[PDB]
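Scroll down for the structure; my scribbles are underneath it.
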There are 2 protein chains.
Amino acid sequence: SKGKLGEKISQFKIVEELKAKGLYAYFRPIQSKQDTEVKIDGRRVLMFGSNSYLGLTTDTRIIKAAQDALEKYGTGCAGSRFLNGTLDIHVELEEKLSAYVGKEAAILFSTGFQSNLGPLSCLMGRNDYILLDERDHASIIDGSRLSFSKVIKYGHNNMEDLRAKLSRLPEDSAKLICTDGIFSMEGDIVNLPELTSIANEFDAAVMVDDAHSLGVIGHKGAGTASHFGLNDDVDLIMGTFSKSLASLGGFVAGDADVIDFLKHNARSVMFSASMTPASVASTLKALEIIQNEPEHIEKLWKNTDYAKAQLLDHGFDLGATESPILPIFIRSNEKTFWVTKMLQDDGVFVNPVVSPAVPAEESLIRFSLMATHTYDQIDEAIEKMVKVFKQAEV
Amino acid sequence: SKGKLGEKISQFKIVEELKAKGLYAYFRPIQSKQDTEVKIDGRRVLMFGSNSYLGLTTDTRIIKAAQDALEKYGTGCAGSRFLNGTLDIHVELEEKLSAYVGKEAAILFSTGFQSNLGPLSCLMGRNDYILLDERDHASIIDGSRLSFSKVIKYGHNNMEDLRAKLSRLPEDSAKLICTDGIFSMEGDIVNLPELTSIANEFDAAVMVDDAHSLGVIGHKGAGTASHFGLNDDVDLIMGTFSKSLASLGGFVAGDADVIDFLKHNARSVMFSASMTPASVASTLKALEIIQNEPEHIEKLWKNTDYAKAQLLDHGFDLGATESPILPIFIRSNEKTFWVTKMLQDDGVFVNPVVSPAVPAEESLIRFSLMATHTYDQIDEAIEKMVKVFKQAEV
Ligand SMILES: Cc1ncc(COP(=O)(O)O)c(CN[C@@H](CO)C(=O)O)c1O
Ligand SMILES: Cc1ncc(COP(=O)(O)O)c(CN[C@@H](CO)C(=O)O)c1O
C-alpha cells in the first residue's frame, strides 16, 4: 500500500525539474561499446566520463576470451561461490590476483561494491572499531555499517585526526582502518606512509580500496601499496574489475587465514551468485594485458599529463588530483548541470558532481582520461569545454 | 597490522577441521558448464545443488546472445548506470521486465544482492519502520540495516505477529514489509494474501523478493504476486537474474515515481558499475524463452513432483516445500557434513545447511530440481542418497 510511501518520495523534485528544464543527463543511453567515442541517440559523443582507464573494454582479445568462456562454461554459474558457483577459472583468477598484488590469497566478489561489504561487515565486531576516511567510497561506508562495530570517520587524509581518534580507543579492542587508494571525486592519493605508520603504532589492520588505483599506479599497475612500497604494512588489498580491468566484479587479497575467514563469513560472498564465466575470463585476459603490455599505462599517463597541462593552461580550476581523474571546479549546482548538458549536446560526455554529494561552492565536472584517447580528442573536448564555460559564464 | 585481527579470526576452526577430516565440500571447483552433470576434478557429478531451475545457462541461444552483445558492446560499461554505464539494452530489459511482472517501471542492479540493498536502504528513514520475515534472505536483512529506519522481524509466515507488531507502531510513520516470495531454505511460499491484507489495513508498503519465484511460480513464471493474483497489492517486485534467468544481476519493479526515486537515491545503483552487456543480453534472451516456451516450467515441475514423491516414498523426511527446492532433514551437523561429502565422492552434488545458520537438530541437505534433469538422473541420485544415508546411519 502506497500512502506513506508516496509521502516519503514526494519531496524529491530535482529529477523532474532537470527533465522539465531540458537539463537531465543521467542514465544517458549509450548504443555502442564504451570507447573514446560513444553513440547516444545515433550521434557520436567524446567520452571523458569513463572509468575504463586503459580503454580495454574494446580489446578484441578480451572480447574473445569472454566469448570463449561463454562457449565452454555458459552464461552463469547459478549459485554462490560457497556452494555450486565456483569454477576452476575463479580460483585461477584468485591465484593470479594474489600474485599481482603480492599477497597469499584472494577471494572474488561479483561486484566491487560487494568486495567492500565483505571484509568491512565481518572482521570487526562488537566492541571493535572501524576507522574510515570521511571521503571513502559509499561502499566502504555501507560495508562498515553492516558490521556490528563502532564506525568512526576521520578527516580526509588527516593523519593527526586519525591518530587522535585511534588514541582514545580502548587498548583491548581490534581496529581496522579502511581508505580509498585513489579517491575518485578529486583524484587524490591516500597518505599511505603515515596511515600505515599510525596503524603499526596502534596495531590496527589496514585495508585499501584500489578501485581507481589498479591499472593506474604501482608497478605494472598493482596499486597503492605497490606505489608506496608498503605491501608489508597493508593487511587487505581490495580492488574492482569494473574500471581498468574492463569487466565486473572485485576481490580482496591478503593473508590466507584472513581470506579463508572472509570467504566463509562474508555475507556478500556466501549469499550472492558468483561472477559470470565471461567476466572471469575478461578479467584474467585484461590482467595479462596490463602486465605484459606497458604501453597502456604509459599512454594513460601521457594523456593525463597532457590534458592536465592543457586545462591549467586554459585557466580551468582543477582539484588536487594525482590521477587520470581531472576535477574541474564550477562552484554552482545550476551551472554544473547546465555545463554538463550543454557539453552533452555538443558531443562531450563529462560527469557532474553537485549537492547534496558536495556543497554548491565545490560543485564540479570530472574529466577522466583513458589510454586510448588521442591528443586530438582531448583538444576537441577542451575547445568545446572553453566555449561552454563561456556560454554558461563560469 | 595484524595482532588484533589475528585474534578476531582465531576461533574460526570449522573449516580447518572439515579439511583435516577430509569432509570439506565448499567452493568445489567446477570445470564445465553448470548443467545436470558437472565436472569436478575431472569426474562427472550429478548436480542437485543449483539455482538454475530451468537449465538455461547452457542454452545455445542465450550463449549466442551474450557473445553477440560482447561483439557489439564489449566486456563492460565501466561506470554506474547513473553516469556513463547505461546502455540501450539495459533500458530494453527494464521495459521488458516491467511488462513481465506487470509494473510501470524497473531499475536493474548488477547483482540480486544489490537489488535488495537499493530499496531497503533508501525508502524508509528515521522514524519509519521495516518489517521483515525472520527467514528473509541475508540481502534483505543487510539492505534493511543500511536504512536509517527501525528494523523489526516477525515470526516466519506469522501473520498474527506481523499484525501485532504493525499495530504497536505510531500512525504518523511509514512502514514497509519485505518478504521472500519462495523462501529458499525450506522452499515454502509467503502467505501473500494475508500479508497484503494486513499491509492494506496499516497502509504499509509491500516488497517481495522473487529470486526463487521467477521462472518457477506465477503465470509464465512472473512470480509470487502473479501466483496469487495480487499484483495490485504489492508495491515493489524484486527479482534476480542468477537463478532461472541464467545470468547475473537483478531488478526492482514498481510505480514509475517510486522507481525514479530509487534509481537516483539507492547507493547500490548510484555507486556500482552496471551489468555487463553479455549479462543484459543473456537475461533478455532467457526472459523471452521462459515466456515463449512453456515446456521449461512444465518440465521443472514434472521433475519436482516426481523427485518429491520418490523421496517421500523412500522415507526421507522433507521440509514443508512448495517449490523445486526439496529440503531433506538429517538433524545432525556432523552427519550433514559426512553425507554431503560422501555424496560428492559418489558423484552427487547437494548443498548442506548446518549450524550456525540453523540448529543442529534442523540441519539438512537441499536437493534442487532443474527443468533439464531426467527421471533417470533423479533416480540415480536418490539411489545413491539412500545408500549414503544408510552408511551414515541417519
Ligand atoms: C531470496 C534471495 N534474494 C536475493 C538473493 C541475492 O541474489 P544474487 O545471488 O543474484 O546476488 C538471493 C541469492 N541466493 C543465493 C545466491 O544466488 C544464495 O546462495 O543465497 C536469494 O536467495
Ligand atoms: C573507490 C571505489 N570502491 C568501490 C567501488 C565499487 O565497485 P563496482 O562499481 O565495481 O561495484 C567503486 C565504484 N565506483 C563507481 C562505479 O564503478 C561509482 O560510480 O561510484 C569505487 O569508486
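Read the numbers this way: they start at 1 and go in the same order the structure lists the ligands and their atoms. Below, read A as the first sequence line, B as the second, and so on, with proteins coming before strands; counting in each chain starts at 1. Values reported hereafter were calculated over all heavy atoms of this structure, with side chains retained and with hydrogens, waters and symmetry mates removed.
A cation-pi arrangement is not found for B:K243 relative to B:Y53, the charged atom failing to lie both closer than 6.0 Å to the ring centre and inside a 45° cone about the ring normal. Relative to the ring axis of A:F82, A:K263 does not place its NZ or CZ within 45° and under 6.0 Å from the centre.
Every atom of ligand 2 is numbered from 1 in the order shown, and the set under 4.0 Å from a heavy atom of A:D180 is 1 (C). Each of the atoms 6 (C), 7 (O), 8 (P), 11 (O) of ligand 1 lies under 4.0 Å from some heavy atom of B:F113. Using a 4.0 Å cut-off to heavy atoms of B:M270, the atoms of ligand 2 that qualify are 19 (O). Ligand-side atoms of ligand 2 in range of A:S242: 8 (P), 9 (O), 10 (O), 17 (O), range being under 4.0 angstrom from any heavy atom. For ligand 2 and A:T240, the ligand atoms under 4.0 Å from any heavy atom of the residue are 7 (O), 10 (O). Every atom of ligand 1 with a heavy atom of B:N116 under 4.0 Å away is listed here by number and element: 3 (N), 4 (C). Numbered from 1 in the order shown, with element, the atoms of ligand 2 that lie under 4.0 Å from a heavy atom of B:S272 read 8 (P), 9 (O), 11 (O), 16 (C). Here is the list of ligand 2 atoms found below 4.0 Å of a heavy atom in A:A211: 1 (C), 2 (C), 3 (N), 21 (C).
Regarding atom 3 (N) of ligand 2, its nearest protein heavy-atom neighbour is A:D209 OD2, 2.5 Å. When hydrogens are left out, the protein atom nearest atom 22 (O) of ligand 2 is A:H212 NE2, 2.9 Å; that is the closest non-hydrogen contact. For atom 14 (N) of ligand 1, the nearest non-hydrogen atom of the protein is B:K243 CE, 3.4 Å. When hydrogens are left out, the protein atom nearest atom 20 (O) of ligand 2 is A:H137 NE2, 2.9 Å; that is the closest non-hydrogen contact.
Between A:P277 and A:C77, the shortest heavy-atom contact is CD-SG, 4.0 Å.
For the 3.5 Å distance criterion, the side chains of A:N116 and A:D142 fail to qualify, holding no donor opposite an acceptor. Side-chain contact of A:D133 with A:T179: a donor-acceptor pair under 3.5 Å is absent, judged by distance alone. A donor-acceptor contact closer than 3.5 angstrom links the side chains of A:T321 and A:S323. With hydrogens and angles left out, the side-chain atoms of A:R81 and A:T86 include a donor and acceptor closer than 3.5 Å.
Ligand 1 has a nitrogen or oxygen under 3.5 angstrom from a nitrogen or oxygen of A:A273. No N or O atom of A:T111 sits closer than 3.5 Å to an N or O atom of ligand 2. For ligand 2, the polar-atom distance check against A:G112 finds a nitrogen or oxygen pair separated by under 3.5 Å.
At a 4.0 Å heavy-atom cut-off, ligand 1 does not touch B:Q114 at all. Residue contacts with ligand 1 for B:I140 are absent, since no atom lies close enough (heavy atoms, distance under 4.0 Å). By the criterion of a heavy-atom distance under 4.0 Å, the side chain of B:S139, and not its backbone, is placed next to ligand 1.
Less than 6.0 angstrom separates the ring centroid of A:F27 from the ring centroid of B:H264.
Exactly one of B:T224, B:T240, B:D180 qualifies for a side-chain hydrogen bond (donor to acceptor under 3.5 Å, both in side chains) with B:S213. That residue is B:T224. With respect to A:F183, the ring-ring contact (aromatic ring centres under 6.0 Å, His included) criterion is satisfied by exactly one of A:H212, A:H156, A:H137: A:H156.
Take A:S226 and apply the side chain to side chain donor-acceptor pair (under 3.5 Å) test, not counting sequence neighbours, and it matches no residue.
Using a non-hydrogen distance threshold of 4.0 Å, A:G250 does not register as a contact of ligand 2.
Salt bridge absent: B:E186 and B:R366 never bring a charged side-chain N and a carboxylate O closer than 4.0 Å.
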